[PDB]
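As stored in start-v5.cif (mmCIF, C-alpha atoms; chains and numbers go by the auth columns):
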```cif
data_final
#
loop_
_atom_site.group_PDB
_atom_site.id
_atom_site.type_symbol
_atom_site.label_atom_id
_atom_site.label_comp_id
_atom_site.label_asym_id
_atom_site.label_seq_id
_atom_site.Cartn_x
_atom_site.Cartn_y
_atom_site.Cartn_z
_atom_site.B_iso_or_equiv
_atom_site.auth_seq_id
_atom_site.auth_asym_id
ATOM 1 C CA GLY A 1 20.934 -18.482 -22.089 0.00 140 A
ATOM 2 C CA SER A 2 18.041 -20.605 -20.848 0.00 141 A
ATOM 3 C CA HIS A 3 18.303 -21.578 -17.180 0.00 142 A
ATOM 4 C CA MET A 4 16.870 -25.022 -16.428 0.00 143 A
ATOM 5 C CA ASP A 5 16.887 -25.220 -12.626 0.00 144 A
ATOM 6 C CA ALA A 6 13.795 -27.442 -12.698 0.00 145 A
ATOM 7 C CA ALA A 7 12.221 -25.400 -9.900 0.00 146 A
ATOM 8 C CA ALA A 8 11.619 -21.748 -10.782 0.00 147 A
ATOM 9 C CA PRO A 9 14.554 -19.906 -12.430 0.00 148 A
ATOM 10 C CA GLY A 10 13.967 -16.662 -10.556 0.00 149 A
ATOM 11 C CA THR A 11 14.580 -16.095 -6.852 0.00 150 A
ATOM 12 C CA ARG A 12 12.223 -17.237 -4.091 0.00 151 A
ATOM 13 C CA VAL A 13 9.647 -15.183 -2.190 0.00 152 A
ATOM 14 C CA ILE A 14 10.945 -16.571 1.107 0.00 153 A
ATOM 15 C CA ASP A 15 14.652 -16.237 0.304 0.00 154 A
ATOM 16 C CA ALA A 16 14.530 -12.706 -1.108 0.00 155 A
ATOM 17 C CA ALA A 17 12.271 -11.328 1.628 0.00 156 A
ATOM 18 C CA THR A 18 14.190 -12.747 4.558 0.00 157 A
ATOM 19 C CA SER A 19 17.012 -10.255 4.006 0.00 158 A
ATOM 20 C CA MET A 20 17.051 -6.678 2.699 0.00 159 A
ATOM 21 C CA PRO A 21 13.629 -6.088 1.062 0.00 160 A
ATOM 22 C CA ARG A 22 13.722 -5.216 -2.639 0.00 161 A
ATOM 23 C CA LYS A 23 11.386 -4.792 -5.611 0.00 162 A
ATOM 24 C CA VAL A 24 10.571 -8.242 -6.994 0.00 163 A
ATOM 25 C CA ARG A 25 8.768 -8.685 -10.314 0.00 164 A
ATOM 26 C CA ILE A 26 6.190 -11.470 -10.583 0.00 165 A
ATOM 27 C CA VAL A 27 5.913 -13.491 -13.794 0.00 166 A
ATOM 28 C CA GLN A 28 3.755 -16.393 -12.604 0.00 167 A
ATOM 29 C CA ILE A 29 1.811 -17.611 -9.569 0.00 168 A
ATOM 30 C CA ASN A 30 1.711 -20.973 -7.788 0.00 169 A
ATOM 31 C CA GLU A 31 -0.094 -23.034 -5.145 0.00 170 A
ATOM 32 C CA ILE A 32 -3.852 -23.188 -5.719 0.00 171 A
ATOM 33 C CA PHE A 33 -5.625 -26.557 -5.762 0.00 172 A
ATOM 34 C CA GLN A 34 -8.782 -25.348 -4.011 0.00 173 A
ATOM 35 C CA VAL A 35 -8.356 -22.443 -1.589 0.00 174 A
ATOM 36 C CA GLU A 36 -11.504 -20.433 -0.867 0.00 175 A
ATOM 37 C CA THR A 37 -10.280 -18.686 2.283 0.00 176 A
ATOM 38 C CA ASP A 38 -9.633 -14.997 2.973 0.00 177 A
ATOM 39 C CA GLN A 39 -6.814 -15.291 0.429 0.00 178 A
ATOM 40 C CA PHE A 40 -9.421 -14.289 -2.156 0.00 179 A
ATOM 41 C CA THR A 41 -10.729 -11.264 -0.255 0.00 180 A
ATOM 42 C CA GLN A 42 -8.107 -8.549 0.225 0.00 181 A
ATOM 43 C CA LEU A 43 -6.470 -9.408 -3.102 0.00 182 A
ATOM 44 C CA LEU A 44 -9.814 -8.750 -4.798 0.00 183 A
ATOM 45 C CA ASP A 45 -9.652 -4.975 -4.355 0.00 184 A
ATOM 46 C CA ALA A 46 -5.876 -4.940 -4.810 0.00 185 A
ATOM 47 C CA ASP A 47 -5.427 -5.398 -8.559 0.00 186 A
ATOM 48 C CA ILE A 48 -2.024 -7.039 -8.124 0.00 187 A
ATOM 49 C CA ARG A 49 -1.385 -9.562 -10.900 0.00 188 A
ATOM 50 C CA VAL A 50 1.748 -11.115 -12.399 0.00 189 A
ATOM 51 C CA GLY A 51 3.770 -8.471 -14.216 0.00 190 A
ATOM 52 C CA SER A 52 4.422 -5.624 -11.789 0.00 191 A
ATOM 53 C CA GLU A 53 7.111 -5.558 -9.098 0.00 192 A
ATOM 54 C CA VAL A 54 6.724 -4.736 -5.403 0.00 193 A
ATOM 55 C CA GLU A 55 8.652 -4.745 -2.123 0.00 194 A
ATOM 56 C CA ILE A 56 7.873 -7.610 0.256 0.00 195 A
ATOM 57 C CA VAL A 57 7.836 -7.364 4.052 0.00 196 A
ATOM 58 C CA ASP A 58 9.042 -10.514 5.811 0.00 197 A
ATOM 59 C CA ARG A 59 7.372 -10.209 9.216 0.00 198 A
ATOM 60 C CA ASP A 60 7.805 -12.585 12.155 0.00 199 A
ATOM 61 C CA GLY A 61 4.679 -14.624 11.476 0.00 200 A
ATOM 62 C CA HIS A 62 3.357 -13.135 8.242 0.00 201 A
ATOM 63 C CA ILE A 63 4.473 -11.510 4.988 0.00 202 A
ATOM 64 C CA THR A 64 3.039 -8.154 3.916 0.00 203 A
ATOM 65 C CA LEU A 65 3.411 -6.564 0.479 0.00 204 A
ATOM 66 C CA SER A 66 3.875 -2.893 -0.407 0.00 205 A
ATOM 67 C CA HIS A 67 2.412 -1.657 -3.694 0.00 206 A
ATOM 68 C CA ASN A 68 2.807 2.093 -4.209 0.00 207 A
ATOM 69 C CA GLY A 69 0.319 2.977 -1.487 0.00 208 A
ATOM 70 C CA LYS A 70 -1.909 -0.035 -0.862 0.00 209 A
ATOM 71 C CA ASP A 71 -0.744 -3.202 0.897 0.00 210 A
ATOM 72 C CA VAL A 72 -2.004 -6.791 0.798 0.00 211 A
ATOM 73 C CA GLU A 73 -1.091 -9.592 3.206 0.00 212 A
ATOM 74 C CA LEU A 74 -2.454 -13.062 2.443 0.00 213 A
ATOM 75 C CA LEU A 75 -1.431 -16.643 1.666 0.00 214 A
ATOM 76 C CA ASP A 76 -0.524 -17.958 -1.789 0.00 215 A
ATOM 77 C CA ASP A 77 0.239 -15.716 -4.769 0.00 216 A
ATOM 78 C CA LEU A 78 2.160 -13.136 -2.734 0.00 217 A
ATOM 79 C CA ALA A 79 3.626 -15.188 0.115 0.00 218 A
ATOM 80 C CA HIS A 80 5.275 -18.538 -0.616 0.00 219 A
ATOM 81 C CA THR A 81 6.589 -20.177 -3.790 0.00 220 A
ATOM 82 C CA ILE A 82 5.720 -18.280 -6.980 0.00 221 A
ATOM 83 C CA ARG A 83 8.353 -17.133 -9.476 0.00 222 A
ATOM 84 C CA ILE A 84 9.984 -13.707 -9.198 0.00 223 A
ATOM 85 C CA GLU A 85 12.611 -12.491 -11.667 0.00 224 A
ATOM 86 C CA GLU A 86 14.031 -9.076 -12.574 0.00 225 A
ATOM 87 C CA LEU A 87 15.364 -6.640 -9.971 0.00 226 A
#
```
Rewrite the coordinates I just gave you, this time as structure tokens.
Amino acid sequence: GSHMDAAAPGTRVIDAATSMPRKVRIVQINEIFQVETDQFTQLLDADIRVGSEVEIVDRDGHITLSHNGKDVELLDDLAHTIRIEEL
């Protein structure tokens, strides 16, 4: 049962956060090229890599992430694109 799709089999981070927030599991990241902004600052301390699931917070202007107790809000990785399967 392999799903082609040709554009990420799992749901989207902007289509599954818009409505009722749920725990989304990350299996791979996306969007990089050459970004040396704050994106690589708050995520440094927050050891949040592909594998664990977390509840997203679609805010009017930004997108925060809830991980047990700590929260990280930045671009790329945990914001737009990126694959997210499982519950």
- Task: Could you state which residues are captured by the PyMOL selection byres ((chain A and resi 143-150) around 9) in this file, as a VMD selection string?
- Result: chain A and resid 141 to 142 151 to 155 163 220 to 225
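Here atom CA of residue 186 of chain A stands at a distance of 20.5 Å from atom CA of residue 201 of chain A.
For the residues A:172, A:195, A:206, A:160, ranking by smallest atom-to-atom distance to residue 218 of chain A using all atoms listed in the file places A:195 first.
Here atom CA of residue 168 of chain A is placed at a distance of 18.4 Å from atom CA of residue 197 of chain A.
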- Query: Any idea what's packed within 8 Å of residue 204 of chain A, counting all atoms listed in the file, ignoring anything in its chain fewer than 4 positions away? Could you give it as a ChimeraX atom specification?
  - Reply: /A:193-196,210-212,217
Can you report as AutoDock Vina command-line options the centre and edge lengths in Å, to one decimal, of an axis-aligned box around the listed atoms of segment 147-163 of chain A padded with 8 Å on each side?
```
--center_x 13.3 --center_y -13.3 --center_z -3.9 --size_x 23.4 --size_y 33.0 --size_z 33.0
```
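Comparing the minimum interatomic distances between residue 165 of chain A and each of A:140, A:216, A:207, A:191, counting all atoms listed in the file, we find that A:191 sits nearest.
Between atom CA of residue 162 of chain A and atom CA of residue 199 of chain A the separation is 19.7 Å.
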